[PDB]
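> Sharing an experimental structure here, sequence included.
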Amino acid sequence: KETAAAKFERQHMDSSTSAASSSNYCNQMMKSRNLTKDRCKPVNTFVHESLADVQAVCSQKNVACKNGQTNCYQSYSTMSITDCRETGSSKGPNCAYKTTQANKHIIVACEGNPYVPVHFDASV
């Protein structure tokens, strides 16, 4: 099975662009990253920064996690991101997503050795 670190990269990293290119970005990306396999993942955020920049967040601002955990970190600077949210009439096997691009700090949960991102908690 996929490691937590690898799953985080597949689900949340997109260093190939600098921002959601169009309104169909999420429809394409959620498919390409295999997040629409057996169900449409309802919500997912892609970060448009280098993997190195996102991994660096694990040494940045230590904050509590939504779930009350303490291995969360908030990026010191804002980053380009794209939030993908499934929309109402979305059923299957065709998933429909609304694409919302923004520049915000990200909060990720980290763990392991190396100490890398394993979950995307939120963006502020």
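Looks like it came in fine. Numbering: from 1, shown residues only.
> Could you count how many residues lie near residue 27?
18 (other CB atoms under 10 Å). C-betas here are computed from N, CA, C, even on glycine.
> Pull the contacting residues for it.
95-97, 99 (CB atoms under 8 Å, 6 or more residues apart in numbering).
> Angles on the backbone of it, please.
Residue 27 adopts backbone torsions of phi -60, psi -50, taken as degrees, to the nearest 10.
> what separates it from residue 100, distance-wise?
Distance of residue 27 to residue 100, given as CB to CB, to the nearest Å: 13 Å.
> Kindly report the same for residue 66.
Taking CB to CB, one finds residue 66 at 20 Å from residue 100.
> Neighbour count: these two, which is higher?
residue 100 (15 against 11).
> Report the spatially nearest residue to the more buried one, omitting neighbours in sequence.
Using CB to CB, 6 or more residues apart in numbering and skipping residues adjacent in sequence, the residue nearest residue 100 is residue 83, 4.6 Å away.
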